[PDB]
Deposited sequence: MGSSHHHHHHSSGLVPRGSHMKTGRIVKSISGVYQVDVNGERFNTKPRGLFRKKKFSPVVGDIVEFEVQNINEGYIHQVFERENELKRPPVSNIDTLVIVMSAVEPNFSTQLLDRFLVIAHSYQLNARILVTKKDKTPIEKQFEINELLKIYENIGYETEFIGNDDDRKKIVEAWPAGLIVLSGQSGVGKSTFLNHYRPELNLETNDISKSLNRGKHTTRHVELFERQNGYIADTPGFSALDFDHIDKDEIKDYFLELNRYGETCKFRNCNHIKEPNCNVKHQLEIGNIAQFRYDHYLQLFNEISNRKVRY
């Protein structure tokens, strides 16, 4: 028996990587079901046959997954934002982070097009990224002067998936590895060759979960007077309080309220 990640799917043959060695595996004889469809990202236990073939015994229960593209067990969603063309937007970035955590994904932030960004504007984005760093995210600000392969190689261990709108430069990263979805090797893991549905979407989300996905509202929410305080019109609200003494950025709370209202309608 061997364990590894499915990196490639084609006509019901699943290619599992085990310590850099590829095995062309299939489902064992019995399996056809609603719970019988492996995806790229799946961790499987398989029995070796014919040197580099095998028969999948179990698919481990997925920690997470996306439907478009179909990919499971994502270790880090990199949210890719351009500094210009279009302008860096905390409204958009806050939306993306919320959707990331709605799918249970760890996220980090990558800003592109530094070399096309006026330095005064660069310094504005820097102070904004420090508020995201306060909240708990890793942030990077790059342009054409930075080695993209080494950026990708240095990201945390495991499966990287890139997410972000068209034209932010995701393919500039994905073409150091590439030329449906396939995983490619990094020194300490993998990267998917297809972005996470680009401008990512929420799937099902209720108005009461949004505060969970603002990680600082989540934290500061723990002592709000009301049990399930939405931090909107509740008295004795510690989010309102931490906002008032400046440990929550106003744009974060503004975006929270906008999204809360959007989801209710």
property: Ranges of the deposited sequence (numbered from 1) for which no C-alpha atom is modelled; result: 1 to 20, 200 to 220, 307 to 311
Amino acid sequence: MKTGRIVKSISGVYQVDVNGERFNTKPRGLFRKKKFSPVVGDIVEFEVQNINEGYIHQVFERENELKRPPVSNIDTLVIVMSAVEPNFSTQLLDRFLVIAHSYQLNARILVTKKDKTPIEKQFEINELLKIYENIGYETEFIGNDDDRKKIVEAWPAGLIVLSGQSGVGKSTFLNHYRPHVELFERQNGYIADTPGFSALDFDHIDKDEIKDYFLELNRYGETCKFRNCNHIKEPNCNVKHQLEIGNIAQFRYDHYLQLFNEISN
From here on, numbers count along this sequence of modelled residues.
| property | result |
| --- | --- |
| 169 to 177 versus 79 to 87 - greater average Cα B-factor per the deposited record | 169 to 177 |
| Stretch with the greater mean C-alpha B-factor as recorded in the entry, comparing 92 to 100 against 146 to 154 | 146 to 154 |
| Identity of residue with top Cα B-factor, from 197, 213, 60, 46 | 197 |
| Candidate residues 42, 203, 234, 53, the one whose C-alpha B factor the record puts highest | 203 |
| Third of the chain's Cα B-factor distribution that residue 3 belongs to, per the entry | lowest |
| Cα B factor band for residue 193 (lowest, middle or highest third within the chain) | highest |
| Modelled-residue ranking by C-alpha temperature factor, third containing residue 245 | highest |
| Chain-wide C-alpha B factor ranking for residue 257, given as lowest, middle or highest third | middle |
